[PDB]
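Participant: using only what follows, build the 3D model:
(4 chains, ligands or ions: 8)
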Number of protein chains: 4
Amino acid sequence: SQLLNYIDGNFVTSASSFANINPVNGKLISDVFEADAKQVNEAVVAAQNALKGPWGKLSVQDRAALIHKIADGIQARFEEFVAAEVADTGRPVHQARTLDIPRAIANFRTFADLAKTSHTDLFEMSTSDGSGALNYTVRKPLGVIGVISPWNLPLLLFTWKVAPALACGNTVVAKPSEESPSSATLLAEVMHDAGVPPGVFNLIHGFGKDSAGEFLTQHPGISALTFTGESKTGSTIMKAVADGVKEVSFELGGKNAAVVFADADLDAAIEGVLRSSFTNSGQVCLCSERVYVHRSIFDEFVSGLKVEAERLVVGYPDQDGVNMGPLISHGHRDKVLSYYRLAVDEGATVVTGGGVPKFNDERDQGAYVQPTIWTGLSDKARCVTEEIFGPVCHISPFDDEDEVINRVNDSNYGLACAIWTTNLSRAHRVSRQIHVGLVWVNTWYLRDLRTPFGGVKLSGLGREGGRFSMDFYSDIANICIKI
Amino acid sequence: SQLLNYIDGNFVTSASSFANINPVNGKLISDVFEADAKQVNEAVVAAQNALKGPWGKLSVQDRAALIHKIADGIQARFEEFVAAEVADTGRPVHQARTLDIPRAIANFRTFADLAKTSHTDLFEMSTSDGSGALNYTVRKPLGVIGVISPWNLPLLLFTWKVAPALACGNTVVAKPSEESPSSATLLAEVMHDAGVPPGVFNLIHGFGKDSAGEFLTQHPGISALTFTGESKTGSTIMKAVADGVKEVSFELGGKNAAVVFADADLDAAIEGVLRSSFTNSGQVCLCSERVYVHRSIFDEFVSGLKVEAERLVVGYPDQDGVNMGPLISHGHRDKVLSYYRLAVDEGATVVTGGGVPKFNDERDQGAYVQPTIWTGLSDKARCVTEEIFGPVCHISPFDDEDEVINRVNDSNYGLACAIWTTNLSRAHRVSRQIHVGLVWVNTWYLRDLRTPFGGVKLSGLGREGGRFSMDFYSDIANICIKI
Amino acid sequence: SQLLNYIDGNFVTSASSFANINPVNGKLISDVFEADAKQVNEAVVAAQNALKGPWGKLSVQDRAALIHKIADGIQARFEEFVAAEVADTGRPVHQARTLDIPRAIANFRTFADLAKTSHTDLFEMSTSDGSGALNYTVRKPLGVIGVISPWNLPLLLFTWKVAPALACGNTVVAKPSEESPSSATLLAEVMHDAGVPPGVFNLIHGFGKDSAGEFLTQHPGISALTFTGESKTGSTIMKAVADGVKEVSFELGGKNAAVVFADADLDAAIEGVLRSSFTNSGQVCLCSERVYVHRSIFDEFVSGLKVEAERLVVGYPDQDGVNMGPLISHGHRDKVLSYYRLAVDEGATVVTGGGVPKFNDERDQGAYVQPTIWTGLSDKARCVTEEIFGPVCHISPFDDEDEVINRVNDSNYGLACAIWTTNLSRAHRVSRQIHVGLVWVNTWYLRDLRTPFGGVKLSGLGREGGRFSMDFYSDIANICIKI
Amino acid sequence: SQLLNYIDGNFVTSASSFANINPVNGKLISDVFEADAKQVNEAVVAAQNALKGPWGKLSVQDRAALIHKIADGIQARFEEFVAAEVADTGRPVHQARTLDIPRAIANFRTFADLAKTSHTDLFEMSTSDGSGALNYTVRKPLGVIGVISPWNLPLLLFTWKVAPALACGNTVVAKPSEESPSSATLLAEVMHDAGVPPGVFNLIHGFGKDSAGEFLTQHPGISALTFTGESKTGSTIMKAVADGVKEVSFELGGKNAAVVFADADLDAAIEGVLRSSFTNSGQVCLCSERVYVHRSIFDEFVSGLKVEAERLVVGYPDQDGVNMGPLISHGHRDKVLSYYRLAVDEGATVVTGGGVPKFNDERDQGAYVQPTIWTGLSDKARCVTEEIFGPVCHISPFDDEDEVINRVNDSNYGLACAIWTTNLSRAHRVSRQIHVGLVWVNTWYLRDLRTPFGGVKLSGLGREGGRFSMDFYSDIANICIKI
Ligand SMILES: NC(=O)c1ccc[n+]([C@@H]2O[C@H](COP(=O)([O-])OP(=O)(O)OC[C@H]3O[C@@H](n4cnc5c(N)ncnc54)[C@H](O)[C@@H]3O)[C@@H](O)[C@H]2O)c1
Ligand SMILES: NC(=O)c1ccc[n+]([C@@H]2O[C@H](COP(=O)([O-])OP(=O)(O)OC[C@H]3O[C@@H](n4cnc5c(N)ncnc54)[C@H](O)[C@@H]3O)[C@@H](O)[C@H]2O)c1
Ligand SMILES: N/C(=C/C=C/C=O)C(=O)O
Ligand SMILES: N/C(=C/C=C/C=O)C(=O)O
Ligand code: NA
Ligand code: NA
Ligand code: NA
Ligand code: NA
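Facilitator: Residues are numbered from 1 along each chain as shown, chains lettered A, B, ... in the order given. Ligands and ions are numbered 1, 2, ... in the order given. Sharing the structure here:
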């Protein structure tokens, strides 16, 4: 199996390739051709030229129809996209079938519909001469959008950027994660077969530093760079585009908290924290890695979570009641295990997990770790402050509302928080005080695609979702008519 | 000792001072105390802490009321602010009276009012269990806003950032331009006298690199950096805040065009382009330095503009009938003169101006240049592509509408453009094709503070004005309640 | 052929029927069963009950998909709908094919999309105890919407109401005009076949006074009455629902003007006024029956419009170059011809038309009239002030812009106006001074479904279109949470 | 004392007059001149003319500044306004000082501010020839607004209509209630002294049927009638305006419920129901005349409420700790006492009150009644279904959530509801099911002037508040420019 770049309407190979590895068993899935600087340039130039071709003359309604045809194309190959996402990442098949792929299709449909309904503003004004003036605003395409996406929710996060980019009449050069290149390449096929004009959507494979990603960010031809990934990489990209003053939108890390108050529905909180800590094997930027539980219910909470975490099934993506697959890769598992040892060194009690499961089959050649719960660390421990991106949480007691609010907010990140309480006042009082972009009360990762999505502090720059995406991916121009 | 910093509610001197010079005659106006790194830290820390004090507890209505008291405080000292702006910049007194100071007051009133009226969003959604969920958004203060402003419209541009910063509940550390420090110091006294709590507004004086401006951009304590000035500085600042992923908002250079079609009201277009080229001695980022005129009216337009340009009175701010003051400084004047020589070397015809007037009085020790009009340069000439920021324009003929739109858009900048035509279709057809943030038709620099304002390409990052300011200066947080 | 009512999911007959006549030739097309008071009650009760059934449990996404299925169902029978609308009204087949049916389809898709994208408002407030409160708004179904619709654009106007009613989660009882019952009945079949739950959409046939129309209007079980028709009929309905204080939305008559300024594109204005006067044989509420032309071009306009009007082909719906069909009915034609006589009596010059064409075939038993142009009437003549609703216009000269604005506005109606000018300022200066809900400049009846649509004075009550429809067909409820 | 009409900038008497009675003591406060049909016509004509005068040329900023001067003018006579509202209505001085007068002032400031920030829409569209079109909307004054208002919150409700009417550039003819004419007359003096141009605001005194109220509603020169009062009066007005198809906004009766769930904070709910039942002596449309309390806390609630109700001090507006003043008049007291008798006859148990207090002083000639609580009535009793508009409530037990929702909704009215509960899910789940315009959770009559305010069913037609006012009191016109 081979994964090509898609540049200016053609699938093309490159001089260099790399391996796509299945994290379940360590086996080779495919070879991937790495785009060089020359090919990146060729993509950017093609995307510039496509803005002046047929794509550029489509009405908003016709553009929207064509984006719906993209969505239809993915739906028509639904189970192929499921298989590609599962192979790259080891995610449970049921998750790919119910979240990953349908979200990617819904991304396209939501932004196609938003492109149809969206309008702009009219401002009347008086003038000295008494005849007045009119200011009106219009949305135009920004230009070429460079898209660089991560491996944790491959098609979902890729199409989260590509859908609004296209719905706003932009052209795109997109570089998916080297760990999860498959579903993006299938998306290129769907674009091609749906009649998307050449150069509108281009797909380049590769790495970051000294590869496709870097070259993309350095290219003077782009108008914007949208990115999801690690905070440090965000900082690096922000420096890279600075000489062009390119528009930027970043969704970066977090070290998210969950807070369980004494009035919580306890079993529901246990189940919710189980999901918020261990979904996708802890490899969602939204996962809870720090948990604060009121002292009066702390012991019972920890006990209850231990029992649920030990019933989790860790294994094959299509295994009967599977809850967790492996980590994305052996190198990622190295990092996570390194943090597992660090916690023990910082004085953690390992309530459960803390190692790798023994399967006695091919899974032992994969990148699995156990779901892990810690207790006993101070708020300043490295394991409680640095993003681990694995299936782990630390649980700490608290006593007072104002105290726990300060502890959640004592972080250089600020992406998301989940709070558990049955009390009306507390939900709204406490939520508004958490320094994050996204708070859930009595749930986790419930998404309405119209809402603003983003983080604060190190977790983000800007906001996407609904009209924020329509504003980010558009040139907003103001036209003033003196009457 | 004359202009002090204002930090945590006290005027404070510093270890060194620098001279503030009157560009009308080169005389010393005052000594300005240059904030050092420790003082910049103190200000940022004070601004951090003020977010937890009484300022953080004010209702939106009470905050708005206090901002209106700031406005009223400026108004109460109106003629002092006029004299300060005039002294620093040499602006004609009638212009500081009618444009600069009143706009600064209007900035505070508008954003105070937007703060009281602005609301957020409610999204209802269905869930699996049939009970639904609610997502709602709220605006909160972003944090500490660092404000770095230019010398060309000192109080106007400084308050354009400070007013929405404060209206959104933030605290501020603001660094005015070293060339025009006086009005911003008076503003500090107004804040003090209105009872703004300590730490909420802090003024620091100094330069950029290795001085107060650079220190502010590098401080990890700010949440955002808003800047107006040269594109090159914008790039430097973007790199500096990168490691912190600070929110950024930039209004940068342009090389703006005016276009005059054959069906323009010729007299009105001549007067309009005279204003657009020579207002504030050509020192507005919105000024036209490139003018394109349909060949049928080219000679008449040029002849007319020469006549009107040579009637401009260049002189004292309180001189009878004065139209233009000096440039901001001798250093700026040397840069503009360096372009006046370069234009001649690149082959220009000097229609008028091209040097410095000879006053035979103390004005010869100031920083005056003549209003200049060039003809005969090619589109790739440096004087037609690089921002000069003086009272100059090049006039070129054109023949076809698609041609002139290409020539307007063939620029690394994209701030603003002015079009002159009486034809309904052409106005709207042409305006939407110009790749800028702001187009005026049959006028120039008509401002409605509700409109989105900014540039594209090198001319900017983001938008401000109306709801775009309210969104930039706020954290937008989404709270999701499972029902 | 017989046309049944559709009540609670079943097609049902009634004790009485009335004839549906083809206005082309006077032949019987079908018998239509008239709903009595008991059946209207049954439809209302069914509609009330369906709000408590499955319909009321659908998510907005699922409701929207069902409404898209209605639209697809129309599209799948597109040519049957075309044939139906043509048979009832005599409209040219190509007009039914390009305007009427595609717009009915688009009505459904537009409002389905709006239902998915629309959201409500979140208002935060401070309280005396310092804890604050939240106000959030929600859109709920208003309840049972009664829809009464006219014969001039039967399916388009019927669906213009039914689509947002359904999209907002309401149930409907709809009474189409007795002159054009066929396409509505067909729509009831599409509804049935698409699986719309019983009682959600009910169709009742009949007349107004002393019939289905009036009974619907009097039923205490409805929550709103939306209506398009004669202003006098609006007034009657407003009286009828007053005791229940029902929500009302009315789009009523007009006596619309076109204004042609001296700088108009003359041949384009001639063609535009031809269309605005004689489309659908002048039977559109938006038609121009008053035309004002600048004195300097009056004679040449009148001359040119005469020639174009006499080239119109008046004939069979599928006849080769056909432009106009008959009037809707003999009764309407009696009324139009009465005005034709009145005009001559009031002193008109008949420039063209003024009678009935003579075909010497079966069309002579239909309801045809000639396209007619008058001159020479004063502004007070009844033929110039009262709505005729036939293919007629009166042309008068003017000299001065303010004068013609006054003469346009001197009316008890205020639906629409069309202005012809090539001048940028005039277009905007004049448009804003016309006291109507809709102005077109250099075009007529160009529709964007997001815009507010409606009239002033006797021409309307309320606005519909875009968010205006979403607000009218919803209960907007405010919920205030003390924190 | 005499109260004059204010018509075209002059105070004028009439041929007929009526007595304004102080309800504390039955003494004559003033004689009021009753406008006749000719005076009403004179006011409407003057309002129509003033739309073409200096008022119509004000910029939105200058109009807003003039509206703020009206507000300032009220504030400068603050104690006079307080004395006037007290004299007319008997309302406690403390509450006129803190609710009534301050709210009237805030109505003007809020709508003045909205007027300055409000803007309209721009819609871009494709056309067949590829050139496109623009639709933009503008807000214009609707015309002459007729304002008819009730006696319960005289200045607050009067200004709630007058402020947005004026802020939207309309002119006004206003008829305050015959029972509370004083503060409105004072307001005409403030308008006059603030320099409001003659004819912009006209005040006419009189009654409803066969008097100034009716004459206004029949006058063909008005563009809109906004009304607050009894439902049956709304129905009558809606018939009166029907032949002109005038725009109408009605805020009408309610029979509002409060619901106290078992998990409510009990003492807070008692205090809250006390306020919601007996504020302004129960003469607020928003008052709770029906209370439902969960069975498990019913007896304890009734007992607590009994105690609080008997601690209320009923007496002079300026008496020490007065809580309640008299009813508005003797005629209204006769109606309320009639209901107090009916309740006994319907089987009610009188927990407290039920008659009139005994003062043995001039208050015996007033219109006082006692705070009254009933128990024991069925859901169909007249006293539980009909609006009494006095200081009374009936308390009833309930068992189940769905049950109480059905019972609250089982009404021909639908204005407001208050719910008491500490539970997050319950609050949001139950609130959205209550068929009213306004739900308060854990509070009552908490007002944010931006929110939509209105009722459903017999309780109203339309919404006012924030943008809903700006939309009602403006003509929204759509201008379509073909490019
Ligand atoms: N887009 C707009 O709206 C707009 C408006 C006005 C001015 N401008 C641009 O502003 C320029 C005005 O000139 P200027 O010479 O004041 O610009 P500048 O960029 O040299 O200086 C602007 C400010 O930045 C500070 N500064 C300079 N170097 C810095 C550094 N390394 N770190 C941090 N702060 C630093 C300065 O002290 C000053 O306060 C022109 O380019 C003009 O077009 C743009
Ligand atoms: N927002 C609301 O829903 C709201 C608010 C406050 C009061 N109210 C209602 O107010 C009522 C108490 O007020 P009210 O007794 O003053 O009501 P009312 O209806 O008898 O009269 C109110 C106003 O209407 C005038 N009026 C009476 N009959 C008229 C007619 N035929 N034509 C024209 N005008 C006429 C009166 O002179 C007075 O100015 C209660 O029903 C209460 O629910 C409703
Ligand atoms: N649903 C989403 C999950 C995202 C995680 C990081 O963005 C999203 O981003 O849209
Ligand atoms: N505060 C208010 C009370 C209104 C009661 C009836 O309208 C209001 O209307 O603003
Ligand atoms: Na992989
Ligand atoms: Na200076
Ligand atoms: Na018919
Ligand atoms: Na009275």
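Participant: contacts for stretch A:8-15?
Facilitator: Contacts with stretch A:8-15, where a contact means CB atoms under 8 Å, 6 or more residues apart in numbering or on different chains, come from A:2, A:4-6, A:33-36, A:39, A:42-43, A:46, A:188, A:192, A:197-199, A:202, A:205. C-betas here are computed from N, CA, C, even on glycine.
Participant: rerun at 10 Å
Facilitator: Under the contact criterion CB atoms under 10 Å, 6 or more residues apart in numbering or on different chains, stretch A:8-15 has outside partners A:2-6, A:31-36, A:38-39, A:42-43, A:45-47, A:49-50, A:185, A:188-189, A:191-192, A:196-206, A:212.
Participant: can you dump the C-alpha coordinates of it into PDB?
Facilitator: Extracted in PDB, the C-alpha atoms of stretch A:8-15 (Å, rounded to 0.1, in the frame of the first residue of the first chain):
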ATOM      1  CA  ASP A   8      -2.700  20.400  -8.700                       C
ATOM      2  CA  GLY A   9      -5.100  17.600  -9.500                       C
ATOM      3  CA  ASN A  10      -2.600  14.800  -9.600                       C
ATOM      4  CA  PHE A  11      -1.300  12.000  -7.300                       C
ATOM      5  CA  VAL A  12       2.400  12.200  -7.400                       C
ATOM      6  CA  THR A  13       5.300  10.300  -5.700                       C
ATOM      7  CA  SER A  14       8.500  11.800  -4.200                       C
ATOM      8  CA  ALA A  15      12.200  11.000  -3.900                       C
END
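Participant: show me where the stretch 101-250 of chain A has its helices.
Facilitator: Counting by DSSP state H, counting those that start in this stretch, the stretch 101-250 of chain A has helices at residues A:101-117, A:154-167, A:182-193, A:212-218, A:231-240.
Participant: what is the last one packed up against?
Facilitator: Spelled out, that is helix A:231-240. When contacts are defined as 3 or more CB pairs under 10 Å, 6 or more residues apart in numbering or on different chains; DSSP states H and E, helix A:231-240 sits against strand A:144-148, helix A:212-218, strand A:224-228, strand A:247-251, strand A:460-461, helix B:231-240.
Participant: return the most buried member of those.
Facilitator: Most buried of the helices and strands packed on helix A:231-240 by mean neighbour count (mean count of other CB atoms under 10 Å in any protein chain shown) is strand A:144-148; its value is a mean of 28.
Participant: any residue of that strand touching ligand 3?
Facilitator: No - Strand A:144-148 does not reach ligand 3 (CB under 6 Å from any ligand atom); its nearest approach is 13.3 Å.
Participant: so what's whichever residue of chain A sits closest to ligand 5 closest to, chain neighbours aside?
Facilitator: Nearest residue of chain A to ligand 5: residue A:88, at 4.2 Å (CB to the ion). Spatial nearest neighbour of residue A:88, chain neighbours left out: residue A:180 (4.3 Å); criterion: CB to CB, 6 or more residues apart in numbering or on different chains.
Participant: the one you found: what's it in contact with?
Facilitator: Residue A:180 neighbours (CB under 10 Å, 6+ apart): A:20, A:23, A:84-85, A:87-89, A:91, A:149-155, A:157-158, A:328-329.
Participant: same thing but 8 Å
Facilitator: Applying CB under 8 Å, 6+ apart, the residues contacting residue A:180 are A:85, A:88, A:89, A:151, A:154, A:328.
Participant: assumed residue A:11 was part of a helix.
Facilitator: No - when the secondary structure is assigned by DSSP: H, G, I helix; E, B strand; the rest coil, residue A:11 falls in strand instead of a helix.
Participant: for it, name its beta-bridge partners.
Facilitator: Legend: beta-bridge partners of residue A:11 under DSSP bridges are residue A:6.
Participant: tell me the spacing between it and residue B:129.
Facilitator: 45 Å (CB to CB, to the nearest Å).
Participant: in terms of neighbours, single out the busier of the two.
Facilitator: Counted by other CB atoms under 10 Å in any protein chain shown, residue A:11 and residue B:129 do not tie: residue A:11 has more neighbours, with 16 against 9.
Participant: on that earlier part again, mind checking how far the residue nearest to residue A:88 is from residue D:299?
Facilitator: Separation of residue A:180 from residue D:299 (CB to CB): 65 Å.
Participant: walk me through the domains of chain A.
Facilitator: A:1-253+A:449-483, A:254-448 (curated CATH domains).
Participant: deepest-packed of the ones you listed, please.
Facilitator: Of the domains of chain A, the one with the most neighbours on average (mean count of other CB under 10 Å) is domain A:1-253+A:449-483, at a mean of 21.
Participant: how about residue A:378: what's its closest non-neighbour residue?
Facilitator: Among residues not flanking residue A:378 along the chain, residue A:384 sits closest, at 7.4 Å (CB to CB, 6+ apart).
Participant: would you list the helices of the stretch 101-250 of chain A in CSV and tack on distance to residue B:138?
Facilitator: Compiled in CSV, the helices of the stretch 101-250 of chain A are given as follows (distance: least, CB to CB, whole Å):
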stretch, distance to residue B:138
helix A:101-117, 22
helix A:154-167, 23
helix A:182-193, 35
helix A:212-218, 33
helix A:231-240, 24
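Participant: nearest to residue C:342, of these?
Facilitator: helix A:101-117 (46.8 Å; CB to CB).
Participant: what does the stretch 51-200 of chain A have sitting close to chain D?
Facilitator: Counting by CB under 8 Å from any CB of the partner chain, the stretch 51-200 of chain A comes close to chain D at A:57, A:59-61, A:119-124, A:126, A:130, A:134, A:136-138.
Participant: one more time with 6 Å
Facilitator: Applying CB under 6 Å from any CB of the partner chain, we find that the stretch 51-200 of chain A lies next to chain D at A:59, A:119, A:120, A:121, A:122, A:123, A:126, A:136.
Participant: same list (the domains of chain A) but as CSV, adding distance to ligand 6.
Facilitator: Formatted as CSV, the domains of chain A follow (distance: least, CB to the ion, whole Å):
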stretch, distance to ligand 6
domain A:1-253+A:449-483, 28
domain A:254-448, 40
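Participant: and of those domains, who's closest to ligand 1?
Facilitator: domain A:1-253+A:449-483 (11.0 Å; CB to the nearest ligand atom).
Participant: wait, does the closest one contact ligand 1?
Facilitator: No - if you take CB under 6 Å from any ligand atom as the test, domain A:1-253+A:449-483 misses ligand 1, and the best it gets is 11.0 Å.
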